[PDB]
Structure formats: C-alpha cells, structure tokens
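There are 6 protein chains.
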Amino acid sequence: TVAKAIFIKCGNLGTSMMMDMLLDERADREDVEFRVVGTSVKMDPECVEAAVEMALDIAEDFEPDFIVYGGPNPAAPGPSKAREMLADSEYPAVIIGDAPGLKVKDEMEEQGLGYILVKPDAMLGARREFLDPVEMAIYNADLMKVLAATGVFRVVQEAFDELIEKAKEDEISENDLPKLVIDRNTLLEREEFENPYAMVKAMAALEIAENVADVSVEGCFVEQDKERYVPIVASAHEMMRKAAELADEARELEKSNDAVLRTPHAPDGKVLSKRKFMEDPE
Amino acid sequence: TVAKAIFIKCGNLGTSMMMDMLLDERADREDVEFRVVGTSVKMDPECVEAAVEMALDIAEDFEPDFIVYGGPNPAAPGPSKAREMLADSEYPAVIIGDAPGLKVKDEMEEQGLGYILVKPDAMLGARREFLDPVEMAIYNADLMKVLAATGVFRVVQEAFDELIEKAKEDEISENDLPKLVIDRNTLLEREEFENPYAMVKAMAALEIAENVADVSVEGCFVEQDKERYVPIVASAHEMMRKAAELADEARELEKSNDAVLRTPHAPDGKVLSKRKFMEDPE
Amino acid sequence: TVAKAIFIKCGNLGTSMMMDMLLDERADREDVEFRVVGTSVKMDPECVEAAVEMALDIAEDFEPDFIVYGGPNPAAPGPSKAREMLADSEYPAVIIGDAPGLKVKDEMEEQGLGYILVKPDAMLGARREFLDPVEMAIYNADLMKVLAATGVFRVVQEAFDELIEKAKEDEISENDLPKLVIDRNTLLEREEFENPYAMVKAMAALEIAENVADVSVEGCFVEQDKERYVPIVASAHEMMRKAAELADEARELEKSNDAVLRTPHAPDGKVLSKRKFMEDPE
Amino acid sequence: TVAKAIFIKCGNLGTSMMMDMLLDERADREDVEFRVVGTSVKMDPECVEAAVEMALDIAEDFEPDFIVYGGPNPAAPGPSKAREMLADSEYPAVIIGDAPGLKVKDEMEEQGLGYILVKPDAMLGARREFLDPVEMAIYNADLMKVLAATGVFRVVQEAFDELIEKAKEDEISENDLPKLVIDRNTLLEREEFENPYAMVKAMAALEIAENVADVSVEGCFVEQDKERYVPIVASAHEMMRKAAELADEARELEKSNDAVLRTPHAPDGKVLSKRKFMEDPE
Amino acid sequence: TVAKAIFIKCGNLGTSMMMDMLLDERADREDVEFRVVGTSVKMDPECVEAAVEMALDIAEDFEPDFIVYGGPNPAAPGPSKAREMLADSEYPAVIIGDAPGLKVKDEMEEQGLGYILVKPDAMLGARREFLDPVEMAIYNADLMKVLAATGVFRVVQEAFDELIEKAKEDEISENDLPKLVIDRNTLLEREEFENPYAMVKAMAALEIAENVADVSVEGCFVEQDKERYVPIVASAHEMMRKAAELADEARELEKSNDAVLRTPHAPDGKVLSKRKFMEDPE
Amino acid sequence: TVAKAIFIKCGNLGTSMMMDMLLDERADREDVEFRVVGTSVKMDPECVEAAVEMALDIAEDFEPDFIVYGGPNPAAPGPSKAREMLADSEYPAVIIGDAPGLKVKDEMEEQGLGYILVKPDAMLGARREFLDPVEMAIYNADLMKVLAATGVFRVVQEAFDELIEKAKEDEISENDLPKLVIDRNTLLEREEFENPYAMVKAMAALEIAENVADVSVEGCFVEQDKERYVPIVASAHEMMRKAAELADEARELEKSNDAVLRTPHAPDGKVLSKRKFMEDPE
Ligand SMILES: [Ca+2]
Ligand SMILES: [Ca+2]
Ligand SMILES: [Ca+2]
Ligand SMILES: [Ca+2]
Ligand code: NA
Ligand code: NA
Ligand code: NA
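Chains as they are written, first to last, in the entry's author numbering: chain A, 2 to 283; chain D, 2 to 283; chain E, 2 to 283; chain C, 2 to 283; chain B, 2 to 283; chain F, 2 to 283.
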C-alpha cells in the first residue's frame, strides 16, 4: 500500500521546515508519497485559511491518510483557524508547533488533533534593525543543527513513521495520533547516545535553545526602546549559535567512539538501524 | 500593487528550501503574496508533473506574476519536464538549480526561462549506509550556514527583489528574468564584506562547498564498492562542515569590526541597508 | 581615610569568593584594610552564627566601617540568621547573594541592610554522583570567567568603591548602602564594551549563567531518580562551560580592537581607567 | 569524631583560594568543621601577624587538630613570620605555597611544619598598567581550571584527607604532616587519567603554568621599562589562558571514553571513587 | 649493509622538503647515508642542470644506490631536464612531484624513472601582493600538517623504505622503482586510522588540499586583474589552513582512542610499528 | 650584482629548514643565486666535515659571497668542526643554531663568524617509542607555524637581506656579519604587529616554544625510565602544538584589523612592505 499525507506550512519553525524530508531522506521510499502546500512565512488568519483550503482542495484527489499542519504558535489567531478547519475535516490531523502551543494542548485533544510541540524550536529575534534575510537563515542553520544533532529530529521521524505504518493497515484512529511534547528531558528516555557526555551536552543545547525563546520574546514584544531591544534579540542569536556548537560537540563525541546512531529507511519503508560506520543498516 | 508568486519545490536544495523566506524575513511585507507547493523530495517526472499541475491549478485563481521552480539538477528527467511545462505556460518562470543545471543553461534560455544556478549548493552523500534523516539535516544546517554567511542568499534575494519590483509595473519580459550563475568568484563583484579576510574566508568556503558535489557524485554514482563509497560520501559531509566553519569565521571577523552588512526589507518592500549594529536601516 | 571592613563568607558563590580581592587587586591600596572570616562551605544556622560571632569578636578591636556578609541564598535559614544579627549590630552591613535572595529583598530593605544580588551566580549541580571537588573547582573556574569577562565583577567593584569613599568621609547612612540586582540587562546601562557584538555575547553568557540555576535546582531538589538527576545536573555544568566560552569570545573581540576596559586602583584608592593597551590608566 | 582545622589565608594563590572547599564539596561531611581567617590580599609581616593572632585566638576555644597557612611565597617576610609563629605553637601546622617556597623547604622541615608546594600555582602579572580586578579574576579563572582539570587539586585533597584521618585517630605526629612538592611530573606517579594523551596534555598544561611564573617575575621585578614590562606581564596571562585550554582538552578526552575520575566524599568523610558517568561512587 | 642516496631539491614542495628526514627521524639509522644538494627555490633549466651536475659530480665518489629528484611539476622545462639527465645516468632514479606531473607519467615510465606524485601537495598562491616569506612558510606549515597527520608521508616513508631494503641487496632494477600517485583515495587501501571518522576527516583534508592547487593556478596563471587575483590566491591559503585543521582533528580522534599509529625505524633500519602509547614498537 | 651564497644543512632545525627559502619566496629574484648541500639529519663530525667539503669544493667554481651553516647546536662536536673549517676558510660565514649555541657564542666571535641563534627553535622529543616520521613532521609543522606567524622568520629574513646588500657593495667584512640571539623579547624591539594583543600572544607562543627545549632535554638526556620519558617527550609536543595555536590566533587578530604585515621581495632584491590587504607593496 502507498501511504499518503499532506503537509501544510504557514510561518516558519525549524521542525516544520524539515518534517516531510525526515521521512524519505533519499527519496527512495516506495511506500509513501507527499504533497506539501503553504503560504510561506505568512500565518495571519486570511493566509492560513487560504492554505488549509488549498490542502483540503488537494485532499479531494490525493486522498491522504493524514494531514499535518506545521508552524509557529498553535495558539495564535491564524493557527487557531487551521485547527478548527482541520478539526472539522474527516482527515486525521497533526499539529506541529513550538512552546506557545502548550496553551492549547488541552483544546487540541478536545478537537481530536494530534500534536508535537517542540520547546527548543524557539522564536528568533524578529526586529527590523537586526533580522534581515541572511541573519534569519543563519539562525535557522544553527537551530537545524541543534534539532538534528541532539536527536530531536529522530523523535519526530519516529512519531510519523509509527503513524504511517498504522495507515498501511488503513485505520488511523485518534488513539493513534501523536501527542508529544519535546524538550531537554526527552533525551532521558531515548537511547540516542552511547556516550553519556554527548547526551548531557545535547541536553544542554536543548536547554539553551528553549531559553532563547524567552529572550526573543522580551526583545520583540516587551522591550520598546531600540537601544535595549536590538541588543536583546541579538543576544538570543548568540545563544543559539552556542547551542549549535554544543550539539556539534556531542556528535563529535559519538564519532570518537564510532557510535553515531543512523536510522535510515529501506525502500519498503522499514526503519533500519546501525551504530558502527561500516556496518550495514538492518 | 502586490506582486504575487508561486514557488514549486521538488527534491531539495539549500537554496530552494529558503528561497521564499529570504524575501519576507519578518512576514511584514505588504507588497508580496506567495503560495508554495511541492512533492517533497520526489522529483521523478510523474511527481514533478503533478507538482507543476498543482501550481497551474492554483494559478487560475491566484494570478501569479511569476512562478519559481526550485530543485536539484534542471537537466534531470523530472526538472526537464517542469521546464517544458513552465516554458509552455502563460506565466514567466525562473529555475533555481545547482551546478548540473549548466548542462542545460542554453536550453533554458532557448526556452525563455530565467534561472539561478548555485554551484556551491552541493548534492549530499546519498547512500543508505550513511545518510539517515539526521545526517541529511546536519548537512543541510552546514550548507545553509555557508550560503547565508558567505552572502549567496543575499545574491538570490536581490535578484528576486529586482524581479518583484518589475512585476509591479506589470510587464516581466523574458528580458526581466534573472539568468545567474553563482560561485566563489561572485563575491569578487560584490561589496558584501568590509574586511578582506572575511571575504577570502567566504570565498574559500564556497570553493569547498562546490568541491563537495564532485565527491558526492563519485561516491553515489561512480564507485560501486561500499567499502569505498561509504567513506567517500562521509568525507564529503566533513568538507561541508568545515566550509560552514569558515563561513562562521568570516562573519565573526565582520562582527569584530562592527561591520556586519544587513539588508532588511521595509514593509513597502524597499531594501534597506545598514552596517553598524546600532545604526537604523535606511 | 583608611577604610576598614570585615568580610564573612559562609558557603560559596563566585562573587563571594572574589569580592574582597576585587577591591585591592595588587595589594597596593593604602586606603583599605580588610579582615576575612568564615566557616568555609558550611552555611547551616549554627555555622553562620559562629562566623558572625567571629566577625563581631574581632570587630571590637578592629573597628570596621562596614561588614559584608557573602554567600548563597540570603533567604535560607543560615543567612537569615546572619541578616538578623548584622541588622541589630551597630555596623553598616551589605549582603552579597544570588537570585534566591530576591525573595527577601524587601525584608533586607526593612532590616536596614545593603545588598548586591547576582543572578548569574548560579548554584552548581550538587549531587554526590557527579560533584566531587574537581568538578566543583572546574565549575567555579567557568563561573568566575563569566562574572569577570562580562563585567559583572566591575559592577561589584564599583558599588564597593563608592561605599568605601562614603566610609572614609565618615557617614555611611542607610541611604548610602548598595541596593543592586545584577543580571543580563545590567549590561544595557553600562559602557563596558566598545564592540557591540562583544556586549551581546556577554549578555548571552549572563543569560545562560542565570538559566544554569533552574537546571541545578531541578536536579538537586526536584527530580528524585538518579537516572534522571545525574544527567540533569551535568547538563547545567556543560551550559556554564559554554557561557564561559562566550565570555572569552567577547573579551577576544575587545582585544581585537585594542579596547579592553581596565579600571585599576591607584595607591590612594582612586579608580583609574584606560582602554588602549599602551595607554596609562588615568 | 569530628576533625577540626583552621585555615589562614594571606595574599592569594589558586591553591589557597580553594583548599578548604576541596575537602567538603557538597557541605555534607559530618566529620569535619573548619574556620577560615585572613587579611585578604595583604601579606606584609604586620598583616600576617594579625591573621595568625586571629587564628590563635580562635584556636583557644575551637581547639583545632591542625592549622593551615596558605598563600604566596613561604620565603617572603610576612609568610616567614607566619612560619615562626605556627612552628613555635602547640598546633601541627601545614604551609601551602608556590615555587619560591622551595628556598625554605629545608627550613620548614627543621621547623617541624608540613608543606605543600605547588609549582604551577604561578604569580600573575601585577603591574598597574595591565592588572585590574577583572584581569586578576580572569587569571584566577584560568589557573583554577588548570589546577582542577589536571588533577593537582586532587593531589592536595588527598594529602589533607590523609591528615584528617590521622587527626580523628589522635596522633598528629610530625611524621604525618604532608611534605609535597607538586609539578608536571607529579602526574607520572598517579592514575588520574585513563587516556595517555589526556595525561600528556595535562603535563603540558602544568609545565606552561609553571613557566608563567618566570615571565611574571621578569615583568614585575626585573624589567623596569614600561614599554617592555607591560607586554611581558600580558604575555604571561596569554600563556595561562592556553594552559587552561590544554587542561580542558585533557578533560574532554576523558569524557570521550566515559572515564572521568570523580572522588567525592561520603558523609563520614570516606573518599569514594568512580569513572563511569552513570555509576555510583564507591 | 648501508643504502646510499642523493636527494636533489629544486623549487619547493611539502614532500620534497621532508622526504629525506622522513627516512631517519632520529638520526640513528646505521643502514643509510644521504647527501642532499639543490639550488633552493630556483627550478629553471639552467639551475636544475647545475643541481643535477653537483649531484652527479658527488655521485662519482659517493656511489649512490639511487637518486631522488624532488620538486614542483615534473612536466615543466627545468624538471624535464632533470628527468632526462637522471634517466640517461647509470643511477636508478625517482621523481617526487605534484599533480601536474601526471601529464608526463607515461614519459617517466618510458624513461625508466620511478615517481611518487602527490596530488595534495598543492602549489601556493605565488603573487607578490600576497606571498611574502612569512606567508610562504605559514602555507608550508599547514601543508606539512596535512601531509603528515593524514598519513601521506607514511606512504612515502614506506615506498622509500622498500627501495632502501632492496638497495641493501645492490640490484635496483627499474621494476623495483616506485610508481605511485597519491590522493584522497589512497587512504581507502591503507590501515592508517583505527577510527573511521578520523579516516574520513583525513580524506576530506586531502580533498581540500588537492583543490587548493586549482585555486592557485587560477589566481597565478589565469586571472590577470589584481583586484581579483589577490583575493583568489589568499582564498587558497584559507582552504589549506582548514585542511590542516581537519587533519589535526583526525589525529586528535586517534589520541582519544589511544590508537595513534607510529612506525619508527630501528637502528638496523627495520620499520617497527605500534598503536598504544605506552607499548614498545615491534 | 648577483650575490651568491652556499647553505650547508646538517641536522634539522625550523630555521635551517627554511632559511634559504625566506630569501626568494617567489623565486623571481634576479639578484641572488644559492647552492644548498648537506648530509640530511646526520651531524656527527664525519658527516659535517663531508658536508663542508662538498660546500668548499662547489665554492671553488661557484665563488659564493658568503656561506651559511645551519643546524642543531653549534656547541656539539660536528658543528664545532664546521665552525673551525668555515672560520679557517676564505669565506665570510654565518652559523644558524638554537639556544645551546649560546655556550660557544664567545668562541664564535673569536672565530670571526656571524651567528643567528634562535631560542624558540627547540629540540623535539627524540625517543624511539614516541618519535616516528609522521610525529617528527607534525612537530616541524607546529614549529614552523610558530616561527613564521610570530615573526621570527622575518627577523631572520632581514638579517640575511642586510648581508646580501653588503655583498652587493662587495665587502662583507666581519662587522657586517649578524650576531643575533632571538627570543620572546626580540618582539619588543620590532614593529611586527599592529595590534598589541597579537604581539603578546606571539610572545607567549615564543615563550612556550622556548620552554619546550627544556622538556625535550629532560626526556631525552636526563630521564632514564621509559615509563617516564615517553610521557615527558610527548608532553613537549603537546606544548608545541599549543604554541602553534597561539601564533595562529595572533595572526587572525591582525587579519581582523586588515593589518597583516607583508615584506615581499621585488625582482631586483629590494625588500618591500605593506599592511593593507589590497595595497601594493612598496
Ligand atoms: Ca499531466
Ligand atoms: Ca607607551
Ligand atoms: Ca660516507
Ligand atoms: Ca637522453
Ligand atoms: Na519581512
Ligand atoms: Na573609621
Ligand atoms: Na621559565
């Protein structure tokens, strides 16, 4: 069977940027097929309706087993609009969001939606005096490094791989929808790292990343004096840069013991595994 | 006037991943509206066809001033189909590809398409023994850092901004379409860096990035013995990691002189410029 | 004209370890004379009582102009006994503590005590499984680098230097006593850094340093399973190491512009200042 | 049995700054109680005499098992006074000092004092044009990191732990007092490092730290021309910084093998040991 | 019982600079005797002819078993004359050169010469505006690091050691003369690295080092505008600096496993081997 | 005129390896011609006398303006033979050596010889258990970076350039001969670094390099237990590696100010100067 899903991207989060690609890293999967639609960075109610409508329009022919809405702050006006529309749709739907989604965790279960809220997927320092396209991409670069090297992306990968296998027995029930909150302590229940210091360095990275959001929030929404708010948002970016360096250090430790976890997909979709560099994944 | 555009994303490149976001870094532009559609990592002809048909169906209602197709290797079977379909459509169109696109540069011109070919946007080590979702993401983080901190995204950003200004006087002649090839020497014609060492560091990072593609191609397409091809593709990833490190050192040099170029969009879409941290974009 | 003071140290904080030394960095001040007493790391009620009694015993002959009590958490049972005893004594007194001291800031004002509360002077990860004497020292080394390179210790230096001038003009009124809370945003009202990026890196280090506190608290007092709390307290120490690296990076940027603020004391206690390596402090 | 000691601190040394805290790193030892007295940075004969009288007064009632005097240059006029007073006293006494102390090593033995001379505990660059309080603290941060991560603090910790055992067993004989000189080669006879390159990095760190002393000495007491002595003392500080870097590198190497030695105290004072991050100290 | 050889050096390459020393690292071999002659950096025909004459003049009394010529580009006019003169001589001879030498590989075989062509021994950025003596020597330091830490020099050592052993049986036929081309992929048939990530980092380093050559050639022989060619040659140097960093990283990874290959010669010239730091080579 | 010199190399030092090359870094000097002869690493009296013979034979027809003998320790038996032979000969001669040469500095002046003694050009750890060819090369790479980037090689370049200009007014009399001792403090009398922190980082590198010599001597000539001398020699290498890192950091500081001093030769021999990257050397 070919399992299918539609991904909807409104606004930008590090996780929503990569979510579809984590499931087919070499485009060699024979068991899945995805369509991806969105309105780029705009996530006002007008644009978000427009984007979900598109997805629902596509869904008529594509017939996906589930839909995913990925974007900042599921509690915001435009994202709230998407949850409602997806709540009302026949389609199982999963919401990927950041820490502010916690305000509506309770609502989302009520609405029968699944969710993955990634606390270290932090808001950047969005002030005109500091944030231009290059700085925005540099931030995302650092953030991607953190969410990848700490193993956060593997948690998301595994959630969706589990969902996809259930879709292959065609019956995704709401009992099957992910309900995950990801943060520093998530690493404590995983077997991601063979070396414990790699693990603690990743935890440190995730803690720093999750602290960034507080700083960005003070600089964009609270501080009104530019002499103070520009330095504040800039410090946020400096923190994320160090978070990335910590995550790289963790990965380098796993390398020093030839113990880097790789979990690639096989053409049939099965998730393989390996630790040693020259061992075949199995 | 509002310039409208549809981005189509099949397979993945550093540039195609950020291209739309580079144009509206704080989602505060009042002069642009975007739709994004794609098939994720799949870029076989059948999926690319579906992808382009999705944009054309959305365009009837949306009325894009131009369409951007973004993805690896414009010469490959899938992208070549996209070029035929877009070349045939009523909408002006731009192809964003990597170095392999050079094989068909003359054709795209003969097709009346624009293009932006980014040579440092290198193909990764796509072998199952090595590239899992986490590795794919780490490679993308490093590559994003390289394209952003060396100023490649700024070159892309300006080319689209020039096109958008022309879309607003509604008449994009095929003469309005970018026809760019970006590589190491692109930095020579720019005033990105105030410090010459930052510039030559960025150049070195782009050189290394472009060299990575040849390593990946040998490991993925030429070498058939896994005992050889797995280390080959891995070595390619170690190179991109060091390019990202050069790119970061360049940026740090610019910070050390309070000379970081920032070119944020104003809400009316105008590109502003500043160098000193506490100076107002203007 | 010779200011005299006693310093009492119960338990350890980065600031309390250095506070006296920061006032006579080459032992060549002829305008000060200090005594230091304490109970080492012990800060239980009976130990603090003993330290304070020690200070008051030698105060009889020494005649200090003021007394400084320095250590962890002023709202804890031990330091609370210190505050009570020092408030009721005849001597002007200042309490040096960390962020937990905020709980009793009003009360200290009511007691007629001065205070300097250093929020980045974060509690370390005190679990036996992890914290041995070497790890304790390594932590203090990183914290000390953070407090110093960011300029936190200058702010401490300046508050004491003003207090001491008042002491010499013999009239330390309650209105003379410091009432400082130091945090990341303290940098915004100072002129420590010539280079703005140095300033924002130092902000980031103070922000991370402050966040180490919560993590330590979680690991030592909240989490009760050692499979979880050991990794938690270790991640706090990795955070602090990286904050120290930010602080270093900020100091290297100042060196790059030959703009390192130095404010040494003259023999008569006047605080001089210089920026350029080769310039004399004046 | 509770062993009791008084620690006397005149002037500053990395080792005397931490000596007492090294013995009770989580403040949970039930077999020791300490008092700490001193005159901060001042160590002329007047101030040392007053610090020792403070210690001897307290000793009347506190009744310590031993007294420790810590600070720079045991052969200097102040510290020489402290040696004469302690040697003539009824209390066993240990002198902690630095390399210059070797000049009176033989005298200290005839005086019946213990010593611990730490050759890497080097004098900093004390010239007004360079050393302000922040610089002073940055140096100590670096030296502390060297003394800690190299195992030097462990060697000191163990010496006092042995002496404490003797004390709880009523027989502090002259023959049980420490007689140590610590340097690079000290590491050759211990088992601090599981990895031999960590050991040799550590050894290099100690050698550099020892050599720093010679540079400071030249800059402070030999060279009289400011155009020469300011760069000299500054260069000594850059050396210590890179010694701290080596020591960090040593520790990271141990982390890579999950072999970090930790020797924390039990509540009853027993020195436990472990190497694996997740194992109980035993 | 002894092997004798003359080394002739015209111009400079990393391999040619170290080639003799690699064979007697402690000056304690009893089974070899060398002479070295050259014309320093000059490798024009007149100079090379003078070099080879000296060698051939020395050879009359010295009776070498073989002669080595080492220098840039075996295919240029000078080196070409050395090849003919040495091939027409009665002495077996080996040419050590860089990648341009591939142009005359078949000519050398037809000449009866051996060769070792090192592709990563890359020409530097030889433009007056940039290359002074200090910059030349820095490039060389970086390049030496690369060729050494990656194991290229060990391949060279082994090639020359095999020839020395055959020469101790006086009969070097042409067929015994090495015929080697060394590049990134040479590592895949070696067992230099115990850790596979050290290996792939080494590969990366050698790839980058080989790419440097193309940059230099462009900057020295193609580009004529100084505003362009000075950035270009400096960029090549930044690349080599990062290759050396990669090679260092690789060697550190091997230290972290106590698995650094060392292959010293015994006094009788036997090539020993060890892996573990403390173990005698056998 | 065309100045001519012959360089004799017996033993290896950093300085003697590069000495001839620092004078014609691009081989485009039309005013010098050099011959180089040596016995490679061997510097016993029999080899040294063979080396000098080669040189004097060639001189007969070559007619050099001066002769230079470079190698380890002028005081040892071989180089002592060189001094006597060169002192007796008709040719003005210069001895290049390390700190141990200071023992015969008086003697060399009596002999009418010039000398350049390089204190930082420190002996490596030559014990067979540690020092193989790759290790020997890695040492030399770090040492070369140190001597180059600190500006020691420039001082050497200058000395020799001066002597060459004297030869072109044809009269290298004995008082034209260099009598240089280079160490850390040499930097104090130079205007090498524009940034004062680069200067002091360089001094620290030179201090550490100089101290390496002592660790080497101890591990090769004093310590007899291999359990000890192996870590000891290896620790000397770790020190050199950090010295190389310090010198690199100094050069990056200069880069950050676009202030890298470059002193290339023009084709007629004139030493030119520049500091700005895009400036023509004059
Ligand atoms: Ca169709
Ligand atoms: Ca001056
Ligand atoms: Ca011979
Ligand atoms: Ca011929
Ligand atoms: Na915007
Ligand atoms: Na008074
Ligand atoms: Na010394």
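Ideal Cβ placement from N, Cα and C applies to all residues, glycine included.
- Beta-carbon neighbours of C/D122, restricted to chain E and to distances below 8 Å: Within chain E, no residue comes near C/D122; the closest Cβ sits about 13 Å away, beyond 8 Å.
- Query: At a cut-off of 7 Å, is F/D184 close to ligand 7 when judged by its beta-carbon and the heavy atoms of the ligand?
  - Reply: Flag unset: Cβ of F/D184 not near ligand 7.
- Message: On the DSSP bridge list, what partners appear for E/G115?
- Response: E/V95
- Message: In this structure, how does DSSP classify D/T40 when only helix, strand and coil are distinguished?
- Response: strand
- Query: E/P282 CB to nearest chain C CB: under 8 Å?
  - Reply: When Cβ-Cβ separations below 8 Å define contact, E/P282 makes contact with chain C.
- Query: Would you say E/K275 and E/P268 are within 8 Å of each other, going by their C-beta atoms?
  - Reply: no
- Close-in-space but distant-in-sequence residues of the same chain around A/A206 (CB under 6 Å, 5 per side omitted): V147, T151, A244, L247, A248
- Contacting residues, own chain, Cβ-Cβ under 7 Å from B/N74 (five flanking each side not counted): The answer, listed in chain order, is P80, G98, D99, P101, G102.
- Item | Continuous alpha helix (DSSP H) stretch holding F/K202: start and end | 197-218
- Using a Cβ-Cβ distance under 8 Å, would B/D249 count as near chain C? no
- Task: Would you mind reading off the limits of the alpha helix (DSSP H) that contains residue 1 of chain B?
- Result: Here chain B has residues from 2 to 283 only, and residue 1 of chain B is not among them.
- Task: Give the secondary structure of B/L254 by DSSP, where H, G and I count as helix, E and B as strand, and everything else as coil.
- Result: helix
- Should D/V234 and D/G126 be called a contact, given that it needs their Cβ atoms to be closer than 8 Å? yes
- beta-carbon D/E50 near ligand 1 non-hydrogen atom, thresh 7 Å: yes
- Measuring alpha carbon to alpha carbon, tell me which of A/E166, A/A77, A/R252 ends up nearest A/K106. A/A77
- Item | Chain-ordered neighbours of E/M279 on chain F, where CB pairs are closer than 8 Å | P197
- Count the other CB atoms within 10 Å of the CB of C/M279; is the residue buried (16 or more) or exposed (fewer)? exposed
- Task: With 9 Å as the C-beta to C-beta threshold (strictly closer), list the residues of the segment 254-272 of chain B near chain A in chain order.
- Result: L254, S257, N258
- Item | Outcome for E/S174 when other beta-carbon atoms lying within 10 angstroms are tallied against a minimum of 16 | exposed
- Message: My assumption, with CB atoms under 8 Å, is that B/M20 sits in contact with F/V42. Please give the rounded CB distance.
- Response: Incorrect: roughly 12 Å between the Cβ atoms, too far for contact.
- Message: Pull the bridge partners of A/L144 from the DSSP assignment, please.
- Response: According to DSSP, which records beta bridges pairwise, A/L144 is partnered with nothing at all.
- Query: For F/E34, does the three-state DSSP call read helix, strand or coil?
  - Reply: Secondary structure of F/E34 (DSSP, three-state): strand.
- Given A/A6, which residues of its chain have a CB within under 7 Å of its CB, disregarding the five upstream and five downstream residues? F35, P65, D66, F67, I68, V69
- Message: Please identify, using Cβ separations under 7 Å, the residues of the segment 201-225 of chain F that lie next to chain C, in order along the chain.
- Response: Across the segment 201-225 of chain F, CB contacts with chain C closer than 7 Å involve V201, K202, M204, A205, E208, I209, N212, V216, in sequence order along the chain.
- Query: Hey, would you say the C-beta of F/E228 is under 7 Å away from at least one heavy atom of ligand 4?
  - Reply: False, no ligand heavy atom lies under 7 Å from that Cβ.
- Have a look at A/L87 and A/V53 and give me their C-alpha separation to the nearest angstrom. 8 Å
- Item | Length of the line joining the Cα atoms of F/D62 and B/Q112 | 31 Å
- Among A/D226, A/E108, A/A56, which one has its Cα closest to the Cα of A/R128? Looking at the Cα atoms, A/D226 is the closest of the given residues.
- Item | Secondary structure of D/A150, DSSP reduced to three states | helix
- Taking 7 Å as the cut-off, is the CB of B/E34 close to at least one heavy atom of ligand 3? yes
- Message: Shorter than 7 Å, the distance from the beta carbon of D/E61 to the closest heavy atom of ligand 1, or not?
- Response: no
- Message: Buried or exposed, going by whether 16 or more other CB atoms sit within 10 Å of the CB of A/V3?
- Response: exposed
- Query: Between A/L273, A/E159, A/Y230, which lies nearest to E/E190 when the distance is taken from Cα to Cα?
  - Reply: A/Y230
- Between which two residues does the beta strand (DSSP E) containing F/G71 stretch? 67-71
- Query: ligand 2 heavy atoms versus the CB of E/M279: any closer than 7 Å?
  - Reply: yes
- Cβ of E/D171 versus every heavy atom of ligand 6: is any distance shorter than 7 Å? For E/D171, the shortest C-beta to heavy atom distance toward ligand 6 is below 7 Å.
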